[PDB]
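What follows is one structure encoded as structure tokens, with my remarks underneath.
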Amino acid sequence: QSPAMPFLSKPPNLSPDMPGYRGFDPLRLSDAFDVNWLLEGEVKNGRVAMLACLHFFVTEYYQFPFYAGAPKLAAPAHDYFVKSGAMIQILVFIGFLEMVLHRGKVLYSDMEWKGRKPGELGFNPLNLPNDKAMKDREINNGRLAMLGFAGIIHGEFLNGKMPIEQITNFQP
Amino acid sequence: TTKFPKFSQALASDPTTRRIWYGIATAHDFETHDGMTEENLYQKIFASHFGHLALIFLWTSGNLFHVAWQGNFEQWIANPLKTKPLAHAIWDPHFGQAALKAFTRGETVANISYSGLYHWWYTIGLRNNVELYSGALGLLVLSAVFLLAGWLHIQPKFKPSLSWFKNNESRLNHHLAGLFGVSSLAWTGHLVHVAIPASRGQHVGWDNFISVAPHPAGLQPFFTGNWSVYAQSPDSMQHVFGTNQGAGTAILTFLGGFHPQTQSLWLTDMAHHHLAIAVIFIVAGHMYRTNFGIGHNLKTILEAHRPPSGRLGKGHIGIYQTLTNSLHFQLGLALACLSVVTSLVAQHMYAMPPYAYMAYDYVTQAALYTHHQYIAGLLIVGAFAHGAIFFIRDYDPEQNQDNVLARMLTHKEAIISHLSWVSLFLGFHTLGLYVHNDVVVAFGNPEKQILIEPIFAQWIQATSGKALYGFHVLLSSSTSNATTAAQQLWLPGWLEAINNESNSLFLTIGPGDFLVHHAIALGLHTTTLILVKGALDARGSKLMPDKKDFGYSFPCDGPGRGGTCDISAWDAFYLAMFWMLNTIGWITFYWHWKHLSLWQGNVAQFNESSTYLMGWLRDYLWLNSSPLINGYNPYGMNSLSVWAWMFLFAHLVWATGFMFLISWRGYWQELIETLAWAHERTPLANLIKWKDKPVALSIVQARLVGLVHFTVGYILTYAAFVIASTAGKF
Amino acid sequence: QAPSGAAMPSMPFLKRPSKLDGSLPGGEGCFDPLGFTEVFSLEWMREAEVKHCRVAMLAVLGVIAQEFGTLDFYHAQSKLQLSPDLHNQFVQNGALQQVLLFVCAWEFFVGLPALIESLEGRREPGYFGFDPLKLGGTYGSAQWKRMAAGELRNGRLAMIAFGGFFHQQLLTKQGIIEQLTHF
Amino acid sequence: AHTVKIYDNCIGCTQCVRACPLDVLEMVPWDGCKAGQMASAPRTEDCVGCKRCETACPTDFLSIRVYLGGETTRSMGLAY
Amino acid sequence: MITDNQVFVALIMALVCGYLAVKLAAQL
Amino acid sequence: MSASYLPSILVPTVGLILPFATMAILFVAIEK
Ligand code: CLA
Ligand code: CLA
Ligand code: CLA
Ligand code: CLA
Ligand code: CLA
Ligand code: CLA
Ligand SMILES: CC1=C(/C=C/C(C)=C/C=C/C(C)=C/C=C/C=C(C)/C=C/C=C(C)/C=C/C2=C(C)C[C@@H](O)CC2(C)C)C(C)(C)C[C@H](O)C1
Ligand SMILES: CC1=C(/C=C/C(C)=C\C=C/C(C)=C/C=C/C=C(C)/C=C/C=C(C)/C=C/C2=C(C)C[C@@H](O)CC2(C)C)C(C)(C)C[C@H](O)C1
Ligand SMILES: CC1=C(/C=C/C(C)=C/C=C/C(C)=C/C=C/C=C(C)/C=C/C=C(C)/C=C/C2=C(C)CCCC2(C)C)C(C)(C)CCC1
Ligand SMILES: CC1=C(/C=C/C(C)=C/C=C/C(C)=C/C=C/C=C(C)/C=C/C=C(C)/C=C/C2=C(C)CCCC2(C)C)C(C)(C)CCC1
Ligand code: SF4
Ligand code: SF4
């Protein structure tokens, strides 16, 4: 019944209206947790991973002049900017954005979806078309970015090698 | 089922903080839950059992994983007598620099292990961190499997029927032949294939065990019946454990006594023990009639055991039904037998060390004896608690008319009055003799002490071959048919061990040992008195003839009829816990001091000082406290700081318990009323409203909370002392 | 003589198992003398049998294929495929470590959900609806049942065959193809 | 609420009713004893479970029995 | 010595136990 | 140890974050 896994029954709490629906939930986490939370969590983890994948792609032929002389490897970079006191400013600013975008209701118990489908945080300054298949395009790019990011950092931990150097001609 | 707890509407409707407390405290009393049926009770217990088993395998996994990841197992194997085994790393950001240094063990900040895991794992053939780690992963899978099983068996199609759960004959056959028997057979396999090879420096693991035969002769002797081949060429008395140097080829022996290097039981004795046990259990588990028209009916056995005199009335008629239909009878018997096994483990493991070099790890020896005697103590109190619960909830007089169980109630006053007599006798004379000794020693005349020789216990040591006392009886007689029969088997090895004064095998005993044994007898009898009185009066007394109508646990029956505080059978459990802790105290104090004296090589200290109670306070408690309480001081701190801090913490927790035990509810409820008053009349604060009306803890709750603080303080205090005193001294 | 009521086709003297009615693709015999189906879930046992069938079949073909020729970069020192020596090598290479990961991934994220669906009675044991080439036809047809019966009969043979493979190689210390050629 | 029961050995002495500080109990006509009256527990919603009634009952064993049950604001004696 | 990979393999299997534990807990 | 960073992440998690989450979860569970 599930489009993605026909041998499994359709996840009941999922619906085709939701963006990026293939009826893919073999563990049935949509039974364990509220779909609206998972949906919000999916798009957010995506949007954060999207920016994380770009961060690694830009800071490799560049590294902004004023922060020059810092390693572009994941763990060394983390250790440098925490020591610097830059990551603590970013933490509080992300903490600020989280409270502002969700307007106080931040808890799984508190967070509500009155006149907003999951993902709609009211951020569309250019005013591009939202209510269409554009949500499915965000999801697909977000899902790819989450696996993408995971592929970058694990490559960075394995052989201490750059994202773009990996796709030249190298095997262990 | 619309407010915590969902299982009790009576609790869920309570508008006070009592709702939350009683919800937690009654969560596992499935019998008393709203709309509980017998079928649902059993099925819930079965599924909960899977949860508990999975927990045991996760805990074990943790121990293997932590030792693999953060331990020094490999370094400890190299030098087992000098190197201290590590439990796990410390990551505590409250640590000052001095504390990081104090707890630095090599290049890591870590706790030392006193659980004996390294000794055990090394004995059973584990040699490196990857084998331990593989163990950890293997047990995570076993945990996951039991969680799957647990989940499966509360799904509608996999819920076993009530008739399945009451199939006694089948469960006994399988548990005997399979759970005990085959486990012991399979374990024999491990000792013969892995542990014994590892002991002789031959690596056998998953990689090669198919190819590497554990005996040169293979299985040809076993099928031809030439079994003597497996006992030929045992490990020499010069064998260097973990190496081939002086190694034998035997896989099944009856050497008796100890490996002289590791001061532990021969692995080939332990292999052959487990083979003997495995067979006995496999045969034992073919007793009971299942589906194949042979074996015994347990009811038919029970009903037949009625002495024809009529001295046991209807004998065991009805006992089958009573036991089968009561989970509390079952839990009681199970806890009683498991307690005895835990005590026997404690006694036999110190006396006959199974694990290589653990006889030399004094802290571990002391830790393990104490740990297991406190578990045994908790188990026997629980056994009697479920005995009492059984009598209230499950016992039907009509279905037990004139049987052995009904006859116990019929002469409960005879039983209680005689337990009272023996307790009084032991108490008067044991305290009497100690106080006599204290006074005449205090007045400078230790030669006036009443020092009764434990001549019966000395005679028993002599029957097992101890020459020291001058008795020439059975194994201590060269001409005895007992001696000559065993001379070619275990007797040389056993006599060597039993006549060695350096080990813990039949420790030499004198007047000190006589007095403390009567202290132990006093404690067993009095704890028993409280628990038995609890069980036999559980259903009713002259003071409360309808007590069974009020159940196991209730506060009292009010101040009428002279006053009825602590009248419930639960209250007998509560009172017995103090006596159990006291008694295990005496047992473990005795074990520890006797061993400190042995290990120091000053047996004379124990022998002279143990006969009066100032000796115990001065030469045991005061003297051995010094390393512990100097764990930290104004001059600095050392690795015992944590035991020093824990020691004080435990004294605090113990003393906090006294508040709950001594001060009772009415005082507190009146005080809380004023606090509720103050809150509601304080500006800003009175915008904040409690959802649950705050009330003082219940009468029974405070007994339980007081007993928990008392028990936790009691245990942690002694744990910190027994570890730090032994660690500090050696 | 025979028993009174319905008799097991495979063993006409033994009574027919309650659950095995002869309707299942590879279960015409209703062969369960030890009465596993009387105590165990049929949907569970069927899932296990079909799983063992598919693992065994790949493994029997794997041994034969690996005997005929192995890849160069996999420096296979042992010519005995079901030896500890070879198994141990491809654990240390990280080859069996890699396929363990994706087998464990499948079993946890696919196999276990698939099994639970079958126990609820919402999936036929062994069905993952995998037929890209359509060599079975429509799900539940006489063609599908012939292939379903074929799967088990081929799988049961491979399961047993793999026993012969392992045990014979353990005594002789020779290849399965090497043993056939040389006596 | 608490459960209060009156057994048939009640001698209609009125001592339980006089002792009750919550007015849970009252005396009702009854032919079963010479006193011509029996204790009754019509207002057990107000019963705090103090067992002053049982303390007052002269019969052996008790003719009035209080079974402490599910706690309420009233039964817990709460003025908040 | 236990590798980073071995510690992380342990953590995913402990995660699996977590999943199966919650499944059992939720049903009991 | 090999992954000597892990205690810096997991001890706060098990010691601060998870107990607060559990207390918060149980608070809501026993007050609704
Ligand atoms: C893991 C292997 C496995 C499993 C799970 C099953 C499971 C099943 N088989 Mg299959 N079977 C197998 C291997 C297996 N089989 C093999 C190798 C053969 C070829 C001989 C068969 C031939 C066969 C036939 C002809 C039929 C079945 C049928 C079934 C179904 C009913 C019987 C039963 O409850 O299971 C048995 C459960 C087990 C756990 C296997 C037994 C293992 C124990 C330890 C005994 C070891 C025996 C040992 C090899 C020595 C045998 C000698 C002697 C005692 C006979 C069930 C789905 C029936 C069906 O309905 O088909 C759809 C049916 O008619 N099986
Ligand atoms: C071969 C068949 C078999 C086996 C192996 C088991 C095994 C088990 N069943 Mg049983 N069971 C069976 C058949 C079997 N069952 C049958 C046919 C029925 C129906 C008739 C049942 C009905 C049943 C019920 C209703 C329950 C069980 C339960 C259990 C578990 C008890 C807890 C435990 O783990 O004890 C482990 C026991 C041992 C290892 C035995 C030895 C222990 C003693 C004390 C020896 C001393 C220790 C020794 C020296 C080792 C030291 C080790 C080391 C530290 C040095 C255990 C896993 C309970 C359970 O927990 O289910 C989840 C449960 O509630 N079973
Ligand atoms: C009570 C029985 C018992 C116990 C408690 C042990 C305990 C142990 N064994 Mg021993 N062993 C036993 C019986 C036992 N064994 C038997 C009968 C044999 C065959 C003669 C062996 C042969 C053996 C070898 C060759 C090795 C061990 C090792 C070990 C250690 C690690 C095991 C592990 O990682 O599994 C984790 C626990 C489980 C997986 C529990 C679930 C059991 C499953 C469901 C059954 C499958 C058994 C097994 C895991 C796989 C079979 C392999 C196959 C080729 C037959 C551990 C101390 C290893 C070691 O490092 O030695 C120091 C090792 O290399 N054992
Ligand atoms: C296999 C063993 C086993 C099993 C299955 C049972 C099962 C049961 N027991 Mg029995 N019991 C046992 C062993 C067992 N018990 C033992 C060993 C004892 C002696 C201690 C008892 C004594 C006993 C009594 C006196 C009673 C029971 C009761 C019960 C029933 C459940 C009560 C409940 O809901 O608990 C919930 C338990 C709690 C809320 C206690 C919480 C944990 C305690 C307080 C320890 C706290 C430790 C602390 C956190 C550590 C501090 C650390 C420090 C560093 C700060 C249930 C039928 C009761 C019953 O209702 O039956 C009629 C009952 O009154 N049991
Ligand atoms: C040091 C602490 C202490 C002592 C000495 C006692 C003593 C006793 N307990 Mg108690 N008990 C204690 C702590 C103690 N308990 C605690 C903390 C609890 C938990 C609440 C209990 C709970 C408890 C229960 C539930 C029971 C006992 C019982 C007993 C009696 C056991 C048998 C016995 O030894 O008789 C010998 C008597 C003694 C050793 C008492 C002292 C006798 C003195 C030495 C004689 C003094 C005479 C001398 C001339 C001085 C006179 C002074 C002058 C002013 C008149 C004994 C009276 C049991 C019982 O009564 O069994 C029959 C019983 O069921 N105890
Ligand atoms: C595993 C449990 C755990 C852990 C990891 C800690 C860790 C810490 N405690 Mg301890 N503590 C604990 C349990 C724990 N505590 C318990 C149960 C008690 C009661 C007995 C205490 C009582 C206690 C006291 C009285 C104090 C500490 C302090 C500390 C800090 C000392 C190190 C330092 O110099 O930082 C110095 C401070 C910093 C480096 C600033 C970091 C402060 C936090 C992490 C800000 C994070 C803000 C972030 C944006 C939002 C997240 C907030 C929250 C949800 C985590 C450290 C953070 C000391 C402290 O400084 O606390 C503030 C301190 O005075 N603890
Ligand atoms: C594993 C790894 C690989 C990694 C590749 C992997 C698969 C790719 C993953 C990256 C993803 C796709 C990035 C996601 C793109 C995110 C961008 C940054 C979006 C821009 C801003 C938008 C458009 C929306 C915001 C706005 C919205 C709200 C609407 C308007 O308001 C306007 C703005 C205000 C812009 C390789 C292949 C490199 C090899 C290497 O060896 C190992
Ligand atoms: C060791 C291990 C290794 C390998 C492990 C693993 C793969 C070994 C696999 C062994 C198995 C498959 C044996 C299977 C045993 C075969 C049985 C015995 C066949 C049934 C008997 C007949 C007789 C019944 C049929 C019947 C008969 C009566 C005849 C008919 O009438 C009726 C039917 C009903 C059909 C390595 C390589 C990984 C290295 C590592 O280091 C350790
Ligand atoms: C993947 C990955 C990752 C991640 C990971 C992690 C982070 C993990 C975690 C883990 C975890 C975090 C785990 C957990 C666990 C848990 C458990 C396992 C539990 C248990 C339980 C039990 C067993 C039981 C219980 C109970 C109770 C007590 C009550 C009720 C009932 C029951 C019985 C259920 C990283 C980042 C590294 C990167 C790479 C990849
Ligand atoms: C209340 C009650 C209960 C409980 C109970 C209990 C808790 C008990 C316990 C008990 C116990 C705890 C017991 C014990 C005992 C023991 C015994 C009985 C032993 C004996 C032994 C012997 C006989 C020995 C012998 C010998 C010697 C000495 C030496 C050499 C060897 C030989 C072997 C010969 C119940 C549940 C039932 C039910 C109801 C009621
Ligand atoms: S228990 Fe107290 S309040 Fe209840 S009826 Fe008796 S005297 Fe009245
Ligand atoms: S005190 Fe007892 S006897 Fe008197 S009226 Fe009340 S219940 Fe009856």
Side-chain angles (χ1 to χ4, degrees), chain B residues 73 76-83 85 116-127 187-204 214-215 230-277 345 347-362 364-365 368-369 464-466 475 486-507 595 598-599:
Chain B
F73 187 61
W76 183 89
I77 302 324
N79 196 358
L81 298 173
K82 289 166 165 171
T83 316
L117 288 180
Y118 282 47
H119 302 86
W120 173 31
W121 292 343
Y122 182 61
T123 312
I124 70 190
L126 293 159
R127 292 289 178 281
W187 180 243
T188 307
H190 182 85
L191 293 174
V192 164
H193 281 268
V194 177
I196 284 161
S199 75
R200 298 167 175 166
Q202 177 176 14
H203 178 257
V204 180
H215 199 272
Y230 294 129
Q232 312 294 277
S233 307
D235 292 303
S236 74
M237 295 291 181
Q238 322 313 319
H239 175 232
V240 177
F241 193 93
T243 84
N244 53 23
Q245 298 155 224
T249 58
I251 57 164
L252 301 171
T253 66
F254 221 148
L255 300 169
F258 303 125
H259 191 295
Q261 198 202 8
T262 72
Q263 279 304 136
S264 63
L265 296 176
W266 297 99
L267 266 164
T268 54
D269 286 9
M270 292 188 285
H272 190 195
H273 161 92
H274 282 102
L275 189 44
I277 290 308
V345 164
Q347 301 282 25
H348 288 194
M349 280 192 63
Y350 94 80
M352 299 174 289
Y355 303 142
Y357 304 111
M358 203 163 84
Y360 300 119
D361 193 320
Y362 295 154
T364 299
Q365 287 289 109
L368 287 171
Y369 188 81
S464 270
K466 185 139 172 182
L475 264 44
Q487 261 169 4
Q488 299 300 307
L489 292 322
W490 53 76
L491 194 52
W494 175 260
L495 284 182
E496 189 186 28
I498 205 180
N499 293 294
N500 178 359
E501 294 282 297
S502 74
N503 65 33
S504 294
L505 183 73
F506 279 107
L507 289 162
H595 281 88
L598 172 66
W599 294 331

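In what follows, every heavy atom counts, from backbone to side chain, and hydrogens, waters and symmetry copies are set aside. Lettering of chains follows the sequences in order, A, B, ..., and the numbering in each one begins at 1.
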Do [X] and [Y] come close enough that some side-chain heavy atom pair is under 4.5 Å?
X	Y	value
B:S199	B:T262	no
B:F73	B:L126	yes
B:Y355	B:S264	no
B:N244	B:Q202	no
B:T83	B:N79	yes
B:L267	B:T123	yes
B:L507	B:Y350	yes
B:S504	B:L598	yes

Return the minimal non-hydrogen interatomic distance between [X] and [Y], and the atom names on each side.
X	Y	value
B:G246	B:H239	O-CB, 3.5 Å
B:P234	B:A250	CA-CB, 3.8 Å
B:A497	B:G257	CB-CA, 3.9 Å
B:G116	B:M358	CA-SD, 3.8 Å
B:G242	B:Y122	CA-OH, 4.0 Å
B:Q263	B:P353	O-CG, 3.5 Å

Fill in: Atom CD of B:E496: over 12 foreign heavy atoms under 6.0 Å
no
Nearest-0.5 Å distance that lies between atom [atom1] in [X] and atom [atom2] in [Y]:
X	Y	atom1	atom2	value
B:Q261	B:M237	CD	CE	13.0 Å
B:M270	B:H190	CE	NE2	11.0 Å
B:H272	B:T188	NE2	OG1	9.5 Å
B:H119	B:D361	NE2	CG	4.0 Å
B:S464	B:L491	OG	CG	9.5 Å

Pair [X] + [Y]: ring centers closer than 6.0 Å:
X	Y	result
B:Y357	B:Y118	no
B:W266	B:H273	no
B:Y369	B:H595	no

Item to complete: Evaluate the criterion side chain to side chain contact (heavy atoms under 4.5 Å, CB included) for residue pair B:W187 and B:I124; output intermediate values, then yes/no.
Response: CA-CA 10 Å; B:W187 180 243; B:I124 70 190; 3.5 Å; yes
Practice prompt. Would you check, one step at a time, whether the test side chain to side chain contact (heavy atoms under 4.5 Å, CB included) holds for B:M352 with B:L265?
Written response: CA-CA 7 Å; B:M352 299 174 289; B:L265 296 176; 4.2 Å; yes
Worksheet item: Which of parallel (below 30°), tilted (30 to 60°) and perpendicular (above 60°) describes B:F254 and B:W490?
Response: tilted
Worksheet item: Is the closest side-chain donor-acceptor distance between B:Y360 and B:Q365 under 3.5 Å?
Response: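 No pair is found: no donor N or O on one side chain lies under 3.5 Å from an acceptor on the other.
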Discussion item. Please identify which of these residues, B:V192, B:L252, B:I196, meets the side-chain contact (heavy atoms from CB on, under 4.5 Å) condition with B:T268.
Written reply: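 Single pass found, and it is B:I196.
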Got a donor-acceptor contact below 3.5 angstrom from the [X] side chain to the [Y] backbone?
X	Y	result
B:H193	B:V204	no
B:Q245	B:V240	no
B:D235	B:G248	yes

